[PDB]
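**Student:**
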Amino acid sequence: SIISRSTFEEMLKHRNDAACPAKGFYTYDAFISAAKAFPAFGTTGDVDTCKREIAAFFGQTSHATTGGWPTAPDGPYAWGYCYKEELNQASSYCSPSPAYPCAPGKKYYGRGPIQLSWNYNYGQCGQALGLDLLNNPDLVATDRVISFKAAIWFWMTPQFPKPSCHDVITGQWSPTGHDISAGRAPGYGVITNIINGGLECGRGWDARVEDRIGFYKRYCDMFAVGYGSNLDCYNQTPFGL
Ligand SMILES: [Cl-]
Numbered sequence: 054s055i056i057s058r059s060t061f062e063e064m065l066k067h068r069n070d071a072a073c074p075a076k077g078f079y080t081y082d083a084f085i086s087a088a089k090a091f092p093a094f095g096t097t098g099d100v101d102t103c104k105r106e107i108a109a110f111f112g113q114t115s116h117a118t119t120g121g122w123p124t125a126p127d128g129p130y131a132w133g134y135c136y137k138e139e140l141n142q143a144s145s146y147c148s149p150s151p152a153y154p155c156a157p158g159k160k161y162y163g164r165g166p167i168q169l170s171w172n173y174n175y176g177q178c179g180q181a182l183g184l185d186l187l188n189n190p191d192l193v194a195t196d197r198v199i200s201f202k203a204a205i206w207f208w209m210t211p212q213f214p215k216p217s218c219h220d221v222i223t224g225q226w227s228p229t230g231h232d233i234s235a236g237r238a239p240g241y242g243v244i245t246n247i248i249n250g251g252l253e254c255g256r257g258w259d260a261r262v263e264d265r266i267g268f269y270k271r272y273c274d275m276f277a278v279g280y281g282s283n284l285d286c287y288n289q290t291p292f293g294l
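Each residue of the sequence shown is one higher than the one before, counting from 54 in the deposited numbering.
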């Protein structure tokens, strides 16, 4: 009960349009089942903080899967969850390691709501959930429940030097001096940085960053809560340089 059926359907009300390749795949019942694997997701903090965690998770995943455009019906921030796999599937996304070795003939391109990528992410996730995602990465795009479990797993897991998205949005992250001079003050912008900052943050205005913010504001307005501070990353140095 971290979110109701009718709220879920209104948030994602164009995902089953004829133009959307993932039509029929994303369901309320499968999201609720995946959430049970991570009981602290959506239940941490006061009432306003729980609402902001739900709006931020669906804001970032909506951008990663959007089919919107500026004159779309009900505006561009009603078109999340239209896709479920990366458009260009040429690359294998292999970064060789003894810990998580790349399986022969397999490819670790983006799948599901968070567009999970690279062998080390499929590997760590599969270990945590007791699933064989390193040998069978397609499961993140073919099984309705596992697709959501992989996205929530990423949201909840720190990867040094990055904190978890969960910790940042619930107020459990405390920035160091190094973070402060890089412009990384706590808020929605730092979450964009964790997810894809190497390509999107610190260079000035960027259309992808604006689109992430638009979805988050719409969902916050639906729940009647304020946005918080520091929403963009136009002036933040990326993690890991
Ligand atoms: Cl948890």
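Just so it is clear, CB atoms sit at the ideal spot from N, CA and C, and this is done for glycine as well.
(1) With 16 as the cutoff for other CB atoms within 10 Å, does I233 come out buried or exposed?
(2) Apply the 10 Å Cβ neighbour rule to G242 and answer buried if 16 or more other Cβ atoms are within range, or exposed otherwise.
(3) Taking only the alpha-carbon atoms, compute the straight-line gap between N189 and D196 and give it to the nearest angstrom.
(4) Which word fits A238, buried or exposed, when buried means at least 16 other C-beta atoms lie within 10 angstroms of its C-beta?
(5) Would you be able to state if there are at least three C-beta pairs under 8 Å between the region 174-184 and the region 55-75?
(6) Please classify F94 as buried or exposed, where buried requires at least 16 other C-beta atoms within 10 Å of its C-beta.
(7) Can you find the residues in the same chain that come closer than 6 Å, C-beta to C-beta, to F91, ignoring five residues on each side of it along the sequence?
(8) How about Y287 and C254: do their beta carbons lie closer than 9 Å?
(9) Who are the Cβ neighbours of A109 in its own chain at under 7 Å, not counting the five residues just before and after it?
(10) Using the DSSP secondary-structure output, state which residues sit across from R164 in a beta bridge.
(11) What span of residues does the alpha helix (DSSP H) with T195 cover, start to end?
(12) Across which residues does DSSP place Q212 in a beta bridge pair?
(13) Verify whether the separation of the beta carbon atoms of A83 and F201 is less than 9 Å.
(14) Measure the beta-carbon distance from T114 to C103 and round it to whole angstroms, keeping in mind my assumption that it falls under 8 Å.
(15) Where does residue 299 sit, in a helix, a strand or coil, going by DSSP?
(16) Whose beta carbon lies closer than 7 Å to any heavy atom of ligand 1, going through the chain in order?
(17) Here's the rule I'm using: 16 or more other beta-carbon atoms within 10 Å means buried, otherwise exposed. How should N141 be labelled?
(18) Mind checking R68: buried by the 16 CB within 10 Å criterion, or exposed?
**Tutor:** Answer, in terms of the structure:
(1) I233 is exposed by the Cβ-count criterion.
(2) Within 10 angstroms of the beta-carbon of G242 lie 16 or more other beta-carbons, which makes it buried.
(3) Approximately 12 Å between the Cα atoms of the pair.
(4) Taking all protein chains shown into account, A238 has fewer than 16 neighbouring C-beta atoms within 10 Å of its C-beta and is therefore exposed.
(5) With the cut-off at 8 Å, the region 55-75 and the region 174-184 do not touch.
(6) Per the 10 Å Cβ criterion, buried.
(7) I205, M209, listed in sequence order.
(8) Pairing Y287 with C254 gives a Cβ-Cβ distance under 9 Å.
(9) Excluding residues up to 5 positions away in sequence, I222, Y241, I244, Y269 lie with their Cβ nearer than 7 Å to the Cβ of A109 in the same chain.
(10) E138, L169.
(11) Where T195 is concerned, the enclosing alpha helix (DSSP H) stretches over 192-195.
(12) DSSP output for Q212 lists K215 as bridge partner(s).
(13) Yes. Within cutoff.
(14) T114 to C103, Cβ: 17 Å. No contact.
(15) Residue 299 falls outside the range modelled here, since the chain spans only 54 to 294, and no answer is possible.
(16) Sorted by position in the chain, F91, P92, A93, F94, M209 make up the residues whose C-beta lies under 7 Å from a heavy atom of ligand 1.
(17) Exposed is the call here.
(18) Per the 10 Å Cβ criterion, buried.
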